[PDB]
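Novice: So that we are looking at the same thing, I have put the structure below in C-alpha cells.
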C-alpha cells in the first residue's frame, strides 16, 4: 500500500520502504520511471 509515498514523486526505491519505482501492487509506473497516478 504505497504509491511513491504520495501523489507523484520519484522512483529511487528508498532504502527503507522500497515503495517507489517497484510501485504498489498494481500502481503501474509511467513515462519517467516515477511511481504516481494523477492522470497518466
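The numbering of chain A matches Swiss-Prot: 405-444, in order.
This deposition comes from solution NMR.
A Cβ is built for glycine as well, from the same backbone N, Cα and C atoms used for every other residue.
Residues or ranges marked as disulfide bond in Swiss-Prot (evidence: a large-scale study or a structure entry): 408-413, 417-425, 427-439. As annotated by Swiss-Prot, N-linked glycosylation site applies to 409, with the evidence given as sequence analysis.
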Novice: I'd like to know which of the disulfide-bonded residues 408, 413, 427, 439 has the most other Cβ atoms within 10 Å of its Cβ.
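Specialist: It comes out as 439.
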Novice: What's the number of neighbouring CB atoms sitting within 10 A of the CB on residue 417 (disulfide bond)?
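Specialist: Summing over all protein chains shown, residue 417 (disulfide bond) has 12 other Cβ atoms within 10 Å.
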Novice: What number of additional C-beta atoms lies within 10 angstroms of the C-beta atom of residue 425 (disulfide bond)?
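Specialist: If we count other Cβ atoms within 10 Å of residue 425 (disulfide bond), we arrive at 15.
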Novice: Compile a sequence-ordered list of residues in the same chain as the residue listed as 'N-linked glycosylation site', six or more apart from it, whose Cβ lies below 8 A from its Cβ; state 'none' when nothing qualifies.
Specialist: 418, 421, 423, 424
Novice: If one measures from the C-alpha of residue 408 (disulfide bond) to the C-alpha of residue 439 (disulfide bond), what distance in angstrom results, rounded to a whole number?
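Specialist: Distance (Cα to Cα, whole Å): 5 Å.
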